Amino acid sequence: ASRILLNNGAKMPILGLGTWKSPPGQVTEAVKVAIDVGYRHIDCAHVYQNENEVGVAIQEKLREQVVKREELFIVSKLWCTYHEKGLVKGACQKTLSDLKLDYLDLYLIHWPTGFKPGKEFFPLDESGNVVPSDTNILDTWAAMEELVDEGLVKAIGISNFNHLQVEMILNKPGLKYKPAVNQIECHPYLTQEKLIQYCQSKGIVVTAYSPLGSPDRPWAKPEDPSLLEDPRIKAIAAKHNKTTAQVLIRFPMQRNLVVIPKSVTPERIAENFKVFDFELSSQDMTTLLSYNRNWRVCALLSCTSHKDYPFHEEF
Ligand SMILES: NC(=O)c1ccc[n+]([C@@H]2O[C@H](COP(=O)([O-])OP(=O)(O)OC[C@H]3O[C@@H](n4cnc5c(N)ncnc54)[C@H](OP(=O)(O)O)[C@@H]3O)[C@@H](O)[C@H]2O)c1
Ligand SMILES: O=C(O)CCc1cccc(-c2cccc([N+](=O)[O-])c2)c1
C-alpha cells in the first residue's frame, strides 16, 4: 500500500519529497518533476527558506490539472521562534501563503525547543547559546490544536520529540488531538527501535528523515560514516538489482514508516520513487538494523543546554 492511515482518519503517502537544502532556484523544478513522476507528498518548512518556490510548483501542477489538491499531502513545520501561543497562527498562515494553499495536510512542531521570538531563527546570547522561550510545549500544542479547529490544517504532529516528550504531549491535561506523526531522523546508522515502537504503539505514525544520511549536510566531515558508500548496503542493493539509495528508502517503508528522501536532481527524484516493486527480506531488514551506531545528522551544540533539548535521553 502506498499510503498509511493516520489517527485523524486521513491517509498519508509513505514516500515524500524532502526540501531541506533544496536551492530556491532549483526546488520549483524539483517539485514539478516529483509530481510528474508520482510523488504526492512534499515535506516543507518555513526555516528552509524555500516555501514560496515549492508553492510555485504545487500551484502550477494544480493549475495544469496534473493532480488535484485532495491527492496531495503537504507537510510543513512551526519553527522554534514561533512557539509562543500568540505567534502560532501567523506562522502557519505565512507558510500557507508561501505554499499558496488554503490548508496543510500536516503541520508539525519542528523541534521541542522554543526560542525567543524575533527575526533570527537562532537567537543567540553573547556567548553563543541559543536564547530559549519560556512557553511550555503543552501550550504550543494547544495552539496547534486550534489550527485544526480553524480549518488551517487537517492534522498536527511533532518532530524530534524524544519518548518522554511524546509522553508529555500524550499526557497533556485536556488533550484534544493526539499527535498524528513524529518525524525523526532514522536510517541504518540511527535505527531508533525504542522510540519507533513507542510511537507506533500509541498510534503515532513515524516519518524517517535523512534516510540517505544527508550527504549534503553543511557539517559533513570527510571521515564520517557514509550510508551510500557502505559496501554492506551496496551488496544488498546489488542482490536486488536496485541502487543503494533505493534500498535505503525501502528499508523504512518496511518498518511501517513514512520516508522523505530529498533530491533536486531529476534522475534521482525518479530513481527514489521506484521502490514499490521489490521487497527486502526479513534477513535483509535485520542486517540493516544491525548497522545501528547511534550516529546523528541533526543535533546542534548551541541547543544542548536548552531545557527541552531532545537528545540527552537514551531515546
Ligand atoms: N524534521 C527535521 O528536523 C528534519 C531534519 C532533517 C531533514 N528533514 C526532512 O527530511 C528530508 C530528507 O533529509 P535530508 O535532506 O537531510 O537528507 P537525505 O534525503 O538523507 O539526503 C539528501 C542528499 O542525498 C542526495 N541524493 C538523493 N537521492 C540520491 C540518490 N538516489 N543517489 C545518490 N544521492 C542521492 C541528494 O543530492 P541531490 O539533491 O543533489 O540530488 C542530497 O545531497 C529533508 O530534505 C527534510 O525535508 C527534516
Ligand atoms: O530543522 C531541520 O529540519 C533541518 C535544520 C537543522 C539541522 C540540524 C539541527 C537542527 C536543530 C534545530 C533546532 C534545535 C536543534 N537541537 O535541539 O539540536 C537542532 C536543525
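The count begins at 1 with the first shown residue.
Cβ coordinates are placed from backbone N, Cα and C, and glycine is handled just like the others.
Mapped onto three states, the DSSP output places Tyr48 (active site, proton donor) in helix. Applying an 8 A CB threshold to same-chain residues 6+ apart, the list for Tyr48 (active site, proton donor) reads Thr19, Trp20, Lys21, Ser22. What Swiss-Prot records for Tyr48 is active site, proton donor, and it gives experimental evidence as the kind of evidence.
Look at Swiss-Prot and you will find 9-18, 210-272 tagged as NADP(+) binding site. In the three-state DSSP classification, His240 (NADP(+) binding site) falls within coil. Around the Cβ of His240 (NADP(+) binding site), a 10 Å sphere holds 16 further Cβ atoms from the protein chains shown.
Residues or ranges marked as substrate binding site by Swiss-Prot: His110. Here the Cβ of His110 (substrate binding site) has 20 other Cβ atoms within 10 Å, regardless of which shown protein chain they belong to.
Positions annotated as N-acetylalanine by Swiss-Prot, on the basis of experimental evidence: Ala1. Annotation note: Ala1 (N-acetylalanine) sits in a coil segment as assigned by DSSP.
Swiss-Prot lists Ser2 with the feature phosphoserine. For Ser2 (phosphoserine), the count of additional Cβ atoms within 10 Å of its Cβ stands at 13 [all protein chains shown].
Under the heading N6-acetyllysine, Swiss-Prot lists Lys94 (among others), citing a large-scale study or a structure entry as support. Mapped onto three states, the DSSP output places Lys94 (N6-acetyllysine) in helix. For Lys94 (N6-acetyllysine), the count of additional Cβ atoms within 10 Å of its Cβ stands at 15 [all protein chains shown].
Long-range Cβ proximity for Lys221 (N6-acetyllysine), meaning a same-chain Cβ under 8 A and a gap of 6 or more residues, is found for none. Summarising the annotation, Swiss-Prot assigns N6-acetyllysine to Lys221 (among others).
Cβ-based neighbour count (10 Å, all protein chains) for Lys262 (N6-acetyllysine) stands at 23. Annotation source Swiss-Prot lists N6-acetyllysine at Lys262 (among others).
Counting every protein chain shown, 25 other Cβ atoms lie within 10 Å of the Cβ of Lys77 (site 'Lowers pKa of active site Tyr'). Marked as site 'Lowers pKa of active site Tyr' by Swiss-Prot: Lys77.
Across the recorded positions listed here (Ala1, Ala220, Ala270), the residue whose Cβ sits among the most other Cβ atoms within 10 Å is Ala270. Considering only the recorded positions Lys77, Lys94, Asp230, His240, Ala1 (N-acetylalanine) has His240 as its nearest partner by CA-CA distance.
For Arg250 (NADP(+) binding site), the count of additional Cβ atoms within 10 Å of its Cβ stands at 26 [all protein chains shown].
Among the recorded positions listed here, namely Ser2, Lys77, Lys94, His110, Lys262, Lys262 has its C-alpha nearest to that of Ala220 (NADP(+) binding site).
Across the structure, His110 (substrate binding site) and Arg250 (NADP(+) binding site) are spaced 25 Å apart at their Cα atoms. DSSP assigns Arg250 (NADP(+) binding site) to a helix in the three-state reduction.
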